[PDB]
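Asker:
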Amino acid sequence: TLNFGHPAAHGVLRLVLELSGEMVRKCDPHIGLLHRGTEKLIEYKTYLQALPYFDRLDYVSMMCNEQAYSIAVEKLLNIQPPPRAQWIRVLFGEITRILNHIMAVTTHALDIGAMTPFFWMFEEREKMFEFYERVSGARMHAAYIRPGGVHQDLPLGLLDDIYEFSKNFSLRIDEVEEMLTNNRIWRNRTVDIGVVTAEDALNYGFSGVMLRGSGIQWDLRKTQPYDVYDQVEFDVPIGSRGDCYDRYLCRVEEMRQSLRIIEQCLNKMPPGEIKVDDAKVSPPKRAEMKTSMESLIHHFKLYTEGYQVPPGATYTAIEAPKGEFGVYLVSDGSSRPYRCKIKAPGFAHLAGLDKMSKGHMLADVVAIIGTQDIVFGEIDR
Amino acid sequence: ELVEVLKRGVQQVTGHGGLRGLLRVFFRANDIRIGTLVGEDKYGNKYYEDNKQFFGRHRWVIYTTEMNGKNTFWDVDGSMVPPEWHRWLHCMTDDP
Amino acid sequence: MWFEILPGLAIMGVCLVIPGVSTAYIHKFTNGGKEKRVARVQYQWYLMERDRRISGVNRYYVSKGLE
Amino acid sequence: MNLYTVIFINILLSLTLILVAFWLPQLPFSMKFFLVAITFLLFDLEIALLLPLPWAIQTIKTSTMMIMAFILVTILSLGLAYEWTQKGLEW
Amino acid sequence: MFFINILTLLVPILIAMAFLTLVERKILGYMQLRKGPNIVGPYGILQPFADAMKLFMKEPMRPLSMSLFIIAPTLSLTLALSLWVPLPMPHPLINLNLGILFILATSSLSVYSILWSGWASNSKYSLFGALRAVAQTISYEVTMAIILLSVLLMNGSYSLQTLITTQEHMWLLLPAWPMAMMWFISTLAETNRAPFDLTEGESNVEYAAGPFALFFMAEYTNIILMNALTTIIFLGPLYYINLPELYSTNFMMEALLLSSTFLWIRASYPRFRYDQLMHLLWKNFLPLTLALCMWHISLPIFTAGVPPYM
Amino acid sequence: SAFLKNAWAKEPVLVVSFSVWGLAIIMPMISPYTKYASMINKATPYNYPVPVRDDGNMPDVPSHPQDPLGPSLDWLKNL
Amino acid sequence: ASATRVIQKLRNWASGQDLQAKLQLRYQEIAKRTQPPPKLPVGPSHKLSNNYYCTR
Amino acid sequence: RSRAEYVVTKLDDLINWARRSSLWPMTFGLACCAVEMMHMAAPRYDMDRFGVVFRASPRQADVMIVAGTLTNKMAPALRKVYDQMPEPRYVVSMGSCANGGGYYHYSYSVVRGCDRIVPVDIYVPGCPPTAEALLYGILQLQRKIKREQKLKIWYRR
Amino acid sequence: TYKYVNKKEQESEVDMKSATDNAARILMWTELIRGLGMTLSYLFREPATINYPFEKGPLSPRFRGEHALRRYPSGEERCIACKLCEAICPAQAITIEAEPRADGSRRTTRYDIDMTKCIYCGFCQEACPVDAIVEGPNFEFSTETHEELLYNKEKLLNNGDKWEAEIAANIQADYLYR
Ligand code: SF4
Ligand code: SF4
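Chains as they are written, first to last, in the UniProt record's numbering: chain R, 81 to 85, 88 to 463; chain L, 2 to 97; chain Z, 1 to 67; chain X, 1 to 26, 49 to 113; chain F, 1 to 64, 67 to 205, 212 to 318; chain U, 6 to 84; chain E, 2 to 57; chain B, 68 to 224; chain D, 35 to 212.
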C-alpha cells in the first residue's frame, strides 16, 4: 500500500494506492485536505458577501463559478440581469473556459513531462487575467459577476483588447497543437488510457468533457441554455472513444469553439445597463446614493442587511469548464442563505478514478487525474 | 542586416554614459537598453520609456543610489518608486 | 533575445577545446616535437625501446645517417 | 601507471567533494523485472561471443566466420522471438 | 607534465559541466518565451557557481549503511570524469588499444551506483524505483553495445583513435546513419535525459546538498561525454595531421550542437511510459540492431572491404 | 501479401528488420567481391615469411622477392 | 518583432506558421490607457413616471 | 583590508550571496495561490531568472511557499515536509489564507495561519497575492538572507 | 450542433504509397522532428519576461491592492464611522468602534483592518458612502512579522496620505463607471 501524496498530481491528493508490482490494483483517494467549510460559512454570510466564496471553489474558473450562484440567486428572486450584462457574463464565461482549458491541457502535460506547452500558454493566460483585472480589479477572484447583473461596466478599451487577444490566440492553440497532439509519445501516454464507457459515465455522474468524450452528447450550454447561450452559435466537440486523448482533443476544440463564441459576443454586445434596475436587488449607483434619499436608504440596507430573497429552493446548473457546476441554494425569507450545496464537477470525477484507472501503471494514474481536470477546491469545498 | 543589429547594440552600450555607466546599469539593472528619460523624481529614481519595445517593457525605472539614507546601489526594491510615479510605471495612467 | 544564451555556450566551448589542444601540445613538448609514439603492438614498443638504447635514454632523440 | 595516476586523482576529486560536502555544512517482489535481468545477461553473454568479431573479421576463413556469426545472431534473435511470443517482454 | 595534462582534461570538463547547466536553463527558456537566468552575474555566467555552493553549504543529509549512500555519488562522478580519459580529442590522453570496451565497461558500472542507492534508501519502493532504473541502464546497454559492435567492425579495432583515420573522407553517419539515430536515442536513455527520464520522474530526490551535486555533476559530464562519443564515432571531425586543433575545434562545434540537441529534445517531448520505454528497445530497436549488426559483418566481406586491423 | 502491406505500414520496423537480416544473408552469397575478403586478408603479411632452402629442384619459388616468380597482389592493386 | 528578417524567416519556417502576423508580445496595438471618460447609460425604471415599483 | 573581522564579514557575504542567488523553492500547492505563482514561474515574471527553481523536492528545497489554506488535515503534513527540508530553509506564507486564516478564518477545518504550524519568514498579502507581489516577497526574502551574519556571530561568540 | 473529434470518417485502404508514407513516419520519426522545429522557432522569438524591479506588470485603475483610509482636502479624515464597511466585509476583517469626537463630530476611535483576514474583495471600496476606505494601488506590502499585517487607523491613514495622489487619480478615472 503506497500512499502517494508535493504529490506530482494537481492540488494535494493523498491517493492511497495498492501497487501489485508497478501495476496499481486499487486507488482510495483521500480528499479532505482542502475542505475549508465553504458551505457552513455561507449560511452565516449574506448573499452578496457569499459571492466571493464561489470564486474560490474551483479556483481556475472563477467567473463561470460565480455565474452559477448569480443565476441561482436571480432565480429565487424572479429577477433577470439586463441584456448587456448577460452578454458580458457569456464573454467572461468563455474567457474562463479558455483559461481553465489552458490550465488543464498544459498542467496535464507538465505531469506527463512536456514542460514548454505550459510556458507558452501561461503567458497567454496573464494576457487574459489582465482582462479580469481591467474589468474588476482582481487578476483572479474578481467578484465581477454579481447575484443580479454584473458589478461595473466594461472599461472603454476592453473589447478592442479582447479582439486582439482572440485574433492571435488560435495560432497559440495551433502551436501546442503541433507539439503535443501527434507526438507518438503523447498519444502513447494518452491514447487508450482511462477509457470510460457511455452508460458507466452517466451512472457515475461524470457530467462534463468526461461525459462528452465517450460520445454522449450533453452540453448544458445548448441543452438548457442559461444566460444568452441561445443567441450564440457553437459546436459541442463530442469525442468518439473516451481515451484520455479524445478527452484532450475535446478540450482543445472547446478552446477553439469558445473563440467562436467570444467573437460573436464582441460583434453583438448591446448598449444598455450592466445590473438590473431594481434597487431592492442591485445596489444604487454612486451618484444616485449621494443625491437621492431613496437611493441612500437602499444602499445602506443592501450593504448592511441584504436582498432578503423570497423563501424557496433551486438547483441551477451551468456548464463550468470542468463540467456541470450547480448550486442547490435553499432559502428562508432571510437575507442570508440556509443551505448552499455546491455540486462540484470533480467530486463525481475523482470517484471514477478507481474504475477508470483499472489495470493501469503508477504513471497512468498521473494521466487519469490530469484528464479529470480536478481542482481540489471544488471537490473539498 | 546583421550589421544593423550590431550597430544598435553599440548605441546601447555607448549610450549609458562611459563604461562606468554601462557597468552601473549592466550589473544592478541587468539590462543595457537606452530609452528617453521621462523624468527624475526627488528621491533620485530615473524613469524611461521606449515605446518601440513590447507593452511589458516600454517603461522602466532605474532606481537611485541612495534613498531615505539606505544605500540602494544593489539592494533595490520596487517600493522605492514614489507613489506619484508608481502608476506611470504600472501603466495605470499613460501620463508622466 | 537568444544571443544571451551564447555567453554560456562560449565558456563551455572554450573549455572543451582547451583539453584537445592541451593534450595535443603537452605531448609534442614532452616527446621532443615529435608525436608520442603510439605502441599498439609490441613491435612498436620494441622499436621504441630500441630507439631509447640507441641514444641518450629517451626515444624521442633520434640519431640519423650521420651515426 | 599513467592510467593509475589519472584514476586516483579521479577518486580523490570525488572523495574531496563529498568530504567537504559533509564537512563544510558546519519487500517489493516481481518476476518480470527479474526475468529481464536474466534476458539481459543472456544478451550480455552474447555480446561477448560477438565482441571478438573485429579480430575475427581478418580471419582467413571468412566464410566460416560469417556462417558462425550469422547463426549466433539468428539463434539469439529467435530466443527473443519466443520471448515476445510468450508473455515475456510483455511486462 | 602528465599531471598538467590531467588537470587540463578534468578541470576544463568540470567547468564545462557547470556551464551546461546554465545553458540548459537559457535554451530551454528562450524556447519557452522566457529570458532564463541573467540577473546573477553578467548574462547568468556566475549562475552555475552560485547554486553549487548552496548545495554544499546546505546542512548534512540525515538518511539511514552510510556507505552505499556516500559511495554512490563518488562512483557516479568518478566513472563519468574517468571516461574522458581516453576520448581521442585529437590525441587522446591515455591511448588504450581496447578503448571503446573501456567506455562501454565504465558506463555499465554506473548501474551499481543506482543499485546501492536503493539498498541504502531502506525504502522498499525506492528499491523498486532503483530496479525500475536498472532496466533503462542495462537494457539500453544491450542495444548500446551491439550498435558499437557494428561500428567497430567497420573501423577495424576497439581503439577510438582509429576512427580519426576511418573518417578522413566521410562521416560514419552517411554509412550507418540508421544506427546513429539508434545511438542517439540510446545516448538519451543512458543519461536519463528527458524523453527517457524517470530518475526524477514519479518523484535522486533521496540525496540533497553535496551528494545531490556529485551525481548531478556526473550526469551533466556524461551528457557531454556521450555526445562527444557521437561526435567521434559517427560525426568524424576533419583531421589534419599538421594542425591538430581544427580537429578539436570541429569536435568542439559538433559536440556543442549535439549537446544542444538533447537540451532541445527535453523541452520538446513528453516523457515515455516505463514499459513504453522498454517496448521501444526490445521490440522496436533490438531486432533492427541485431539484423543491422549482421549486415555489418556482411558489408565488409562481400564488398571485399574487411577493415585493416591496426 | 496484404498483411505484408499493412505490416509495411504498421509495425514497420520488423519488416525492415527482417529484410536486412535477409539481404545480409544474400549479398555475401552473390557478389563479385566476396572472394576477395579471404584473399585480401590472407595476403596481408603479418608474420615473417621464412625462406626455404634451395635444393634447386624448385622453379616455382622465386629466388628473390622482386623476381617475376611467386604470388602477386596486383589483384589487390587496381582492385 | 524587431527581428532581423532572417531570424523571422527561420522562425516562420521552423514553426510552419507566419508567427510574425500574430505575435504574442503586444506592441502599440493594445488599447491606450486613459481611454476617454465614460458616460454610461441609465437603464429602464428611471422614468419619473409610470414607474411604480409594484409593477416591476 | 586586514582584520579577522573583515575576512569573516566578506566570507558570509559570500555564503549569503550563494543562498540568496539560488533559492530552490518548494510549493506545496494548496488552494489557488499556487496558480498565482505558476504565473510567476511562467514567462511574464520568470522566477528562474532570479535563480528560482520551478519544481524542487523537499530534500532539495531552500524555500517553502505555503500557498492556500492550511486545513487541519494538511497541517500534520506541512510540518512533516518542513521538518524534512534541509536545514538551511526558509518559509514564505502566501495568501491571506495562509498568513492568517483569511476567508475561512473561522472555519472549523482551517488552521488560522501557517505560522501556527511552521515558523514563517515573509508574509505575502492578498487574496490571490499578485505574482509580482510574490516576486516582491521572494526578493524581500533575498534582502533578509543578505542581512544574516552567521559567521560574524560565531566569531564574536 | 456537434463535432466529432478523433472520429475516422472512413477506412482508407492501405496503398503502398500510403504505407510507405506511414512507415517512414514511424521509422524516421518524422512527426517528432516536426515538434522540434516548433521549439527552435520560439527560441528565436523575443522573450516576454519583464525586469521585475525595473519594469512593472501593468495594473489599471480598479486594481484593489492595499487598503487605505482617505482624508478630505481640508485635512478631515473622510470616515464618519457609519460602520457598514464592517457590515459588508465578507471576512469580518474590519473592526470599528466609535465615539463622538470633542469637536462633536462622528469619528472612529479604532479602525482595524486585519489584512491576513481580508480577502481583498473590494466591497468595502463599494459600500463606503463618503468613500473613505479605498482599495489602494500598492500590492507590495509583504511583511516579516504577522503583527505588521494587522493594520490600525494610524497605518491606514498614513497609507492613505502616502498614496492619496494616485488614489485620487484612480478614483477620478473610474467613478463615472461606478
Ligand atoms: S488566500 Fe485568497 S487566494 Fe490564496 S487561497 Fe486563501 S482564498 Fe484562495
Ligand atoms: S464605510 Fe467608509 S465611512 Fe462608513 S465607516 Fe467604513 S469607512 Fe468609515
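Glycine included, C-beta positions come from ideal geometry on N, C-alpha and C.
List the residues of chain L that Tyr203(B) touches, going by C-beta distances under 9 angstroms, in chain order.
Answerer: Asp78, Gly79, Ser80
Asker: Residues of chain D with CB closer than 9 angstroms to the CB of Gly17(E), please, in chain order.
Answerer: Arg68, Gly71, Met72, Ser75
Asker: Which residue marks the beginning of the alpha helix (DSSP H) containing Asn83(R), and which one marks its end?
Answerer: From DSSP, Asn83(R) is part of no alpha helix (DSSP H) but of the beta strand (DSSP E) over 82-84.
Asker: Pick out the complete beta strand (DSSP E) segments inside the stretch 58-82 of chain L, 3 residues or longer, and give them in chain order.
Answerer: With a minimum length of 3 residues, the continuous beta strand (DSSP E) runs that stay inside the stretch 58-82 of chain L are 60-63.
Asker: Tell me the rounded alpha-carbon separation between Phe55(L) and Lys23(E).
Answerer: 14 angstroms
Asker: For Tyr141(R) and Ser176(B), what's the separation of their Cα atoms in angstroms?
Answerer: 19 angstroms
Asker: DSSP three-state label for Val187(B), please.
Answerer: coil
Asker: Using a C-beta to C-beta distance shorter than 9 angstroms, which residues of chain E count as neighbours of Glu2(L)?
Answerer: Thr5, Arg6, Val7
Asker: When you compare the stretch 181-195 of chain B with the stretch 37-54 of chain E, are there three or more beta-carbon pairs, one atom per stretch, that lie closer than 8 angstroms?
Answerer: no
Asker: For the candidate residues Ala122(F), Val144(F), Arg134(F), whose alpha-carbon lies nearest to that of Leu106(F)?
Answerer: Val144(F)
Asker: How far does the alpha helix (DSSP H) with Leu331(R) in it reach, from first residue to last?
Answerer: First-last of the alpha helix (DSSP H) with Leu331(R): 326-349.
Asker: Check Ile177(R) in the structure and name its three-state DSSP category.
Answerer: helix
Asker: Can you determine whether any heavy atom of ligand 2 sits closer than 6 angstroms to the C-beta of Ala115(D), and answer yes or no?
Answerer: yes
Asker: With distances taken from CA atoms, which of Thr178(R), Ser143(R), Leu253(R), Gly175(R) is nearest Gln25(E)?
Answerer: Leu253(R)
Asker: Whose C-alpha, out of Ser77(U), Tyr51(U), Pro70(U), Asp59(U), is nearest the C-alpha of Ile82(X)?
Answerer: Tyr51(U)
Asker: Under the rule that 16 or more other beta-carbon atoms within 10 Å means buried, what is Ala191(F), buried or exposed?
Answerer: buried
Asker: At a cut-off of 6 angstroms, would you count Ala166(D) as near ligand 2, judging by its Cβ distance to the nearest heavy atom?
Answerer: yes
Asker: Verify the contact flag: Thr136(B), CB atom, against every heavy atom of ligand 1, threshold strictly below 6 angstroms.
Answerer: yes
Asker: Ligand 2 heavy atoms versus the CB of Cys332(R): any closer than 6 angstroms?
Answerer: Answer for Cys332(R): no, Cβ out of range of ligand 2.
Asker: At a CB distance below 8 angstroms, what residues from the stretch 57-70 of chain L approach chain B? Give them in sequence order.
Answerer: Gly57
Asker: Please name the residue in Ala207(D), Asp148(D), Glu45(D), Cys152(D) whose C-alpha comes closest to that of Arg216(R).
Answerer: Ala207(D)
Asker: Could you spell out the range, first to last residue, of the beta strand (DSSP E) harbouring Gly40(L)?
Answerer: 37-41 is the span of the beta strand (DSSP E), which, as asked, contains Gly40(L).
Asker: Please classify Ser109(F): does DSSP put it in a helix, a strand, or coil?
Answerer: helix
Asker: List, in chain order, every chain F residue whose beta-carbon is nearer than 8 angstroms to that of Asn31(L).
Answerer: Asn38, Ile39
Asker: Using alpha carbons as the reference points, say which of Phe259(F), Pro180(F), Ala74(F) lies closest to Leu246(F).
Answerer: Looking at the Cα atoms, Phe259(F) is the closest of the given residues.
Asker: Which residues bound the alpha helix (DSSP H) around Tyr30(F)?
Answerer: For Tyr30(F), the enclosing alpha helix (DSSP H) begins and ends at 2-31.
Asker: What residues from the stretch 105-126 of chain B come within 9 angstroms of chain L, judged by C-beta to C-beta, listed N to C?
Answerer: Contact residues of the stretch 105-126 of chain B toward chain L are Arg111, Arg116 (C-beta to C-beta distance below 9 angstroms).
Asker: Does the beta-carbon of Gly162(B), which I'm using as the reference point, lie nearer than 6 angstroms to any heavy atom of ligand 1?
Answerer: yes
Asker: Consult DSSP for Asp19(E) and reduce its assignment to one of helix, strand or coil.
Answerer: coil
Asker: Work out the CA separation of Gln216(B) and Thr66(L) for me, nearest whole Å.
Answerer: 24 angstroms
Asker: Helix, strand or coil for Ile147(D) per DSSP?
Answerer: strand
Asker: For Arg96(D), count neighbouring Cβ atoms within 10 angstroms of its own Cβ and tell me buried if that reaches 16, exposed if not.
Answerer: buried
Asker: If we count the other Cβ atoms within 10 Å of its Cβ and call it buried at 16 or more, is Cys347(R) buried or exposed?
Answerer: Result: buried.
Asker: Per DSSP, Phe407(R) forms a beta bridge with which residues?
Answerer: According to DSSP, residue pairing for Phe407(R) in a beta bridge involves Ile400(R).
Asker: In this structure, does DSSP put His180(D) in helix, strand or coil?
Answerer: helix
Asker: Output needed in chain order: residues of the stretch 186-198 of chain D with a Cβ under 7 angstroms from some Cβ in chain L.
Answerer: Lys196, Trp197
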